[PDB]
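Going in written order, the chains are labelled A, B, C, D, E, F, G and H, and every chain counts its residues from 1.
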Amino acid sequence: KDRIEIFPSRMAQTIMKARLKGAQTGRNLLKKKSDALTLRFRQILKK
Amino acid sequence: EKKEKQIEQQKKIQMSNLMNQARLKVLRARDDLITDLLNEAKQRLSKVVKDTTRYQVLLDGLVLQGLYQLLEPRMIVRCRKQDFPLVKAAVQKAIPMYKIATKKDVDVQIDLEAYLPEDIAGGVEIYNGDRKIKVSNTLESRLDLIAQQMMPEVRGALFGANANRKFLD
Amino acid sequence: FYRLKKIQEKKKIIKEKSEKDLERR
Amino acid sequence: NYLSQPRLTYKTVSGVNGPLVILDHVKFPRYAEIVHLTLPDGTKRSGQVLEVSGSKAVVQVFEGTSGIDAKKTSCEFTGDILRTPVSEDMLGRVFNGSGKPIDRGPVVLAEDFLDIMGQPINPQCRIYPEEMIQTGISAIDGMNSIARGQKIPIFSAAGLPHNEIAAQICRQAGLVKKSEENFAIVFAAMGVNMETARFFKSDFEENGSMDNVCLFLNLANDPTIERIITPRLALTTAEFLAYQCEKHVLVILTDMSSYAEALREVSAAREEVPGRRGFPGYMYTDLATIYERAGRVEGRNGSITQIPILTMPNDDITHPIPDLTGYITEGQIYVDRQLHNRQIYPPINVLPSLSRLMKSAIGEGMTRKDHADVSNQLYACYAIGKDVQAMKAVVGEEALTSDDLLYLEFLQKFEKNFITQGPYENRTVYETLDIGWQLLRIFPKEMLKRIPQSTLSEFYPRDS
Amino acid sequence: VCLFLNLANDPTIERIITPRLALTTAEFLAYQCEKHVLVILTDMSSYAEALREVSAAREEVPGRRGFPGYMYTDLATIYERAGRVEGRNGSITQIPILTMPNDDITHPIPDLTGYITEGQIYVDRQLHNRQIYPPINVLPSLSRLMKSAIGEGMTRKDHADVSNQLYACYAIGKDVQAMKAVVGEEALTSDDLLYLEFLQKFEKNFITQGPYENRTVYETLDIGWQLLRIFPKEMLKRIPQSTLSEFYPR
Amino acid sequence: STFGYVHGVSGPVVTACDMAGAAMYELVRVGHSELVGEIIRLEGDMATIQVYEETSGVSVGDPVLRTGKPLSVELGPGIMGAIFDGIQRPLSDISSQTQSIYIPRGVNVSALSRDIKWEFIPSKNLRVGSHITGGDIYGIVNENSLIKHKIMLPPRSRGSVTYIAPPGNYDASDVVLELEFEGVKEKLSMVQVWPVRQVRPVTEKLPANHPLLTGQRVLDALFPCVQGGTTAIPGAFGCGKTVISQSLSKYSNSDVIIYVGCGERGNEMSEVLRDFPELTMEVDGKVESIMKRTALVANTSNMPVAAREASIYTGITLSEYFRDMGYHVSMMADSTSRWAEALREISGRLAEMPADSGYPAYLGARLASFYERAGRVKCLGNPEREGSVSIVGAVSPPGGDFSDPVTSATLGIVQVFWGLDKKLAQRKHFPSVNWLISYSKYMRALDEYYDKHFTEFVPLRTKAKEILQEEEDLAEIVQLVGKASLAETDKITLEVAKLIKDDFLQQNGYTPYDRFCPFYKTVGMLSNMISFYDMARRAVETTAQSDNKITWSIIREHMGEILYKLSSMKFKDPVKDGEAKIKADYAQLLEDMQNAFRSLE
Amino acid sequence: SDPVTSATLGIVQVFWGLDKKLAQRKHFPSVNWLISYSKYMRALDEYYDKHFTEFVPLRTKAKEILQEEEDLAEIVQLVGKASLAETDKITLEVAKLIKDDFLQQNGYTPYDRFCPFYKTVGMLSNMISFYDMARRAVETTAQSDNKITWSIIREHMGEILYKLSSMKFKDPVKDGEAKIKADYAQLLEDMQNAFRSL
Amino acid sequence: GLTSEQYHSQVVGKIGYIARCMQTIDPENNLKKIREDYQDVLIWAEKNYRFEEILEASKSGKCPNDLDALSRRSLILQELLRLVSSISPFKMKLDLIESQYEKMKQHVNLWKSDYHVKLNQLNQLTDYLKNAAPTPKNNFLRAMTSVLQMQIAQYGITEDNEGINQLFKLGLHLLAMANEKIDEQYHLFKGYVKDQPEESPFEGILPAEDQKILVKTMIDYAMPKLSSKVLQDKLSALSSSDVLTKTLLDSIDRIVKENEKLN
């Protein structure tokens, strides 16, 4: 689906901007998790 | 340490409050002097009304200055009862001058059925035919309108110019 | 916006008809 | 010179509708003229001519239209537009949003009478901003520093402490006292509730600063035209004090969001169609007429600096009021709900805040030579500290490096010592910069990559 | 050739009579002099914006994005001035050109045009950025008259089957390319790698051409078969066994 | 009569009566203070005026004096060095005459001074009876040391000369020509007047062929503009716009510069008006002020909305007037987004249908018709000449959103985008032009010029764009491959991309050797960097195929002096070192690198 | 966003906002403690200083705990608590105690129909006293061969956690101010003895 | 595109301008091969036609009225007159002028021509000198520009000549050179005279008063170097020349080299 089906309003803008900041925060924390796991994986491969 | 560091500001708060209250009292003093000035002006103007020669020349001006604001086909003039002979003479001088300047015919009437109070210092009121429009030329009205407009010149003449004001633009 | 205009026009027409009626009176 | 002619009084009221009285048979009606109404019971009200057409005038009455009738109500046309008396005697005074005294002092003797609409400053005569205005608040003076002739809004939301911040800036603001009586404040407050208005009046008397301050109060239930007039009386006073008496004036304009609510109402009373987002289409040109009454000018030693203060709905920066304010002003100071919830005061967030003229206010001969370097390095440490604090919840504190643990120590001590300040605590820029160095000294001097070696050599070491 | 030119500095209300002068000239040439006429109309987007400008100045009912409430009916008086008639040997073919605002096919101009015209050729910014030419993307494009202009005695017997199987393979290759952006190449099955190879060879061999290369339909269909044979015949599920058995073994 | 009277006032809208012969969009002066406005509606013998100034205090029965003209420019001597606003009020004369810091309501100073006397020379072979047509140069005024101001017969004027003035000193109000056509006589002074909304006519409009050089290595090599071209730049705080404005003003091959501020912040406009008079250039071995060849239009955000919108039409009409003398003009607009917001406010006052994002339906047509005034031309009138106007328009996408209606229209129209970038300015990468986002569409029109004058350049540009694009593909590979495990060909690409990026694309404008970089220095630098790249690639690809391999480490270890000479090429000074000296040194680096590679091979 | 709300918040000195999540989860009163405000907290400062003395520090810390938990709760949803520090487990578990056993209040039962301000200050004093002691026990045994955890505290102090979570069930109509204070002071002594014994 | 009233007004004007050009290049009808090409427009100047009667004739198609052909014709006659006007004192042979005309008529595009470039360079160089005050740079430029005009009067613009093309490079390099750099200005001008074919570069090109000043201004530049009174007096003896020659420069240089050996 192209869109989240919410009905247009200033309430809907407020909700969808809250989802956008949520997802962009989630991506940055998961990118940090991916690096931290990968640093340990490239360490124990040397071991 | 923070308490001790603020001992100077604690004294500045007392000094600034003392000095600003001193200034409020000086502003009230200055306002009373202006209130006396306007009372002397009201008294000197009341003396001019007792000179019926000067007061006729005033009436001649106050009537025609009234007629030129209204510009109606019909007008009613109202005066103090004892001024009526001077007001009648002023209206008779004013009608030809009005007609020459405006190019209108006019009917100007003097009210004998109601009058301005004898408490009034002097001058006249003028009305349109149905009394729904009026113009006031009582001498208290002239004095009040002139005095409030020249107040920036009164301030400088009595109490002197401001040394901080470098520009008038 | 389009519905708040048209109300302005219908009001202007009512004023002009009232002014014409005051010219008839 | 003088206006000299006697006034006309009319009983020719044709109709009454909303805030408006319509009169006919008026002699050469003048647009925007002030008029005085006397009611059937002898009560007096005033108003302004909102439109003219032939012998008809329509007057917006400032007080209500209740008790008005077509037969007994009289209207006196004064012959002229709204002008304000102005003088240096206005410092130490409190006025309402129509310029009437509310401090039990006398009415103003004019040094002049000025048209409150003013005139635009010629672009040829405006010179570029220069030295600092010291607010006394470290998050502003240290990192969002304000130049003489700048205009810079505070962005806030309902229930945040922006009036407590405004009051603290008013009590504390001045020039830097390097190595004056030429500083003044005009404080204007629009749509203020009686609790907030009593706080402003009480706080400036109690903490003894009135001799620098002219105060205009417009309350939440005063006439909405007095709210339109209030910024114009305040700025007409600041223009006399700055460009005729040669003062440095700070102007604080409080809830430009309340001003826009009145502007939308006067627009609706003219029967205009609502513009983009419900505000008037001309609201940019209107706000720009307030905000551009600011700057330094050639050949005169005074200046006007403006701090507008605004409340945003939904904490949304994209609403017309903060958005159009951003196109006209040059920076923002951002007041944050999360710092407020964390019990920090003043809750100013330095990461989204910016002063666009800061480089023109700071440095040798204006503050101190290290100010730019300290400001750049404190921003850089805080932006890393918030990023380490986020990854600590993902990787756990045992995966953090020794350098992450330094940023995690700096972050806590920055917010407790630099940002956190008392509502009656006043720090000079020099004290602000010294608190800045106490925090930078948490790090090995190799970490301080935004600071050049000459500044590190003079300021990193402690001394007796 | 006949040219009617209104430029960016010419009056904006001439633009609403310009295409009607052109189509009146085409109707004389086609339906009185029996010519075959090709009509090119350049930025119908400029026509539609001039129509919005005129209609706004009359305070008429708005449609979507403020366009005139009757814009479909107006554009139809332009686009329906095309085709063949009984007992006359001429014809008019129309090729209008649109700029879609912010590339959006759902904007009123491309939207109401697609409801009137017999399909569209769609030019894609993503193919142009990749330096493919012509930048034509087949998936948003259509011809409504193709179905009965092709096949035995018209072109070649395979044409419809080849065309529909190229649409199916290109659409699945595009879905694998979207999926591979989530899961990476290591997660793909051997069948996904066939559609992803087809996608890459199709854009280089079929779509890319250059500005003076002029291919026959038969060259186009044989390039088509060279790309369809990437797959086993059991994956060619749009094509009936008779067409496969004749044309696939080549 | 020339006077009607005010019938009513409602905000900025005035209604007037006895206005019967007044035309649509005429200007008028309203009331005893003479406020300017324009006629927006006619009905019966009444007119509706949109007043530009505050209407406070205007009265019923007040005079409405009508001007027989729409909004128009005085075109004549006195324009060079002048400061104007969007409706051509002379801001420095208003300051000088009034002795005030403000602009008075209904101020009526003429845009060109009628008290300055100008030295005038006639065209020598014009005589009584000579046939003369619009665009004909009939004399010259020595305005200053740089600009000879060519006095022309107006467009829509023609006839036989009945008088021409002798050599002398004249006011801008003095008659200097008379002519006759069909027995009707026209008398003319040095000032003509033209409507800002009408395009000034030309004999022919021509394709643009010659580069608009800036002296920047980026811009002039990778993203060229032509004379007669159109460009956009991002107008935002941190990006560093001033390098475009100051390179055009000091170093371009323009003859005249027009700058428009069109609703800018008061403190930003103050910075431009402070800075521009302090800029200088060297002419015939003598330093001269930029204000001898420059005029400024300046508008702050509290000027009348009619001025903020008129501003670009005033600035382009001034530009077209100097084009018609046979000059090459660059026009800069400081932000077209502020102009579009003024256009939106005016449509709001007119209560027009709000179309795209609240902007009026005509926005894209107004932008298109404005940028269609750019170009090279064959001028009207007798002495055969060519001129051009080149437009640079800054635009401010909100938060960087290029889908904004003004930005979307602008990049749909303009043929060059110079993408200045805040991230590059934060890296101290100056000039801050982003080479990935930026483009030029004039590279084909310039092909004949580069073929004739430089000949090696088009291949070098093509290779340099590919190397800078390969590095942007290799970066995501290096993030996984760990740099060391990469192919030696690709290590050469990455390190030559760094060589071009740090030593060709960067240019320190404060330093005497790099303030201006001429095009011979520009192609000479690039020629050597690409010659080194091709030889380094050839050494790797010849050996690594089956022999003991060369590597980029072996090349760096063998050729570090050559690589240092290549990084040193930018320090050559075009004033202290001649063209032939710099070219000979750049040939010596080619000889030295070819010798060094022949010793490696 | 509404014109009535936007007009009203431009005027009023107190706003109590709802949360539809609290309402749907049947938490009552459903007041949103991260959008609600009072602008009277400086005006009441002399009343609290004269009549209560202890309270403003407790209120301050409570608002910190409730905001710190809102900052933590967004992250534990992604990464599943395994990285969370013991002080932060302590923070989540006291934030729950405050939410469920202080901020929650049933209006239709004899003991909580009306909570007097001595009952209110006493409950909050004990919950914030637990937070001080529990956080100190954890921090003061980091860098140690024996380390305290939230789980060790919970296993040692389950009867204190039961008494704390039960403080709401005191009925001020049956039990006087002196009894409720003596019971709540005995729970502080029980907490101090339990933590000293750990 | 022009309106009809504009277009025909421009034709009447451009016919009128060719007559003004022809009366300026040739007041005498000497250039008869040129006039026989333009007689088809000059016929309309040979009698009075009041603007209005050419306007009707142009609308009627009686005149030549293709503005492109009239523009091509006008540019050739204008670019010829620029050459003849830029060579101020000196004069071309009629056989040379009619050769320059044929070479221009054959050219594809005069605006893009090297002829037009060389004319723009000669006018860039000449217009600076119309207001120039006496100083070494301006004296050196008046000399070189007079030589250049004289050589262009001998050889024209249409073919490359090494003397003309070198003297363009020298003149424009000195024009562009900073006015404070007098050492470079003298060095450049002496370097030019040393590369002249003749012993005297200015022989009948330049007034003897200016040639005296060119000797004097080099003696005034050299004399402050000389520490020996004998060398100063030997340099002073060279002021007896009113002609600038390679021998004068070599003699000043010889006395400077004796001073460099003496000190």
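Heads up, the rule we're going with is that a residue touches a chain if its C-beta (ideal position, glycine included) is under 8 Å from a C-beta of that chain, and two chains touch if they have at least 3 such contacts.
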{"item": "Chains contacting each of chain C and chain G, listed by label", "value": "D"}
{"item": "Chain of greatest Cα-centre distance to chain G", "value": "H"}
{"item": "CA centroid of chain F to CA centroid of chain G, Å", "value": "65"}
{"item": "Approximate Å spacing (C-alpha centroids) for the pair chain D, chain F", "value": "37"}
{"item": "Mean-CA-position distance for chain G and chain E (Å)", "value": "67"}
{"item": "Gap in Å, rounded to a whole number, between the CA centres of chain B and chain A", "value": "76"}
{"item": "Of all residues in chain F, the ones touching two or more other chains", "value": "100-102, 351, 353-354"}
{"item": "Overlap residues in chain D, where contacts from two or more other chains coincide", "value": "243, 273, 300, 314, 393-395"}
{"item": "Multi-partner residues of chain H (at least 2 other chains)", "value": "none"}
{"item": "Chain H-facing residues of chain F, complex", "value": "125-126, 129-136, 155-156, 158-160, 181-182, 201, 203, 282, 284-286, 378, 380-384, 386"}
{"item": "Partner chain E, residues of chain F touching it in the complex", "value": "199, 352-356, 361-362, 364-365, 368-369, 371-373, 403, 408, 412"}
{"item": "Chain A to chain G touching residues, read off their complex", "value": "10-11, 14, 25-26, 29-30, 33"}
{"item": "Residue ranges of chain E in contact with chain C within the complex", "value": "59, 61-62"}
{"item": "Of chain F, residues touching chain C in the complex", "value": "351, 353-354"}
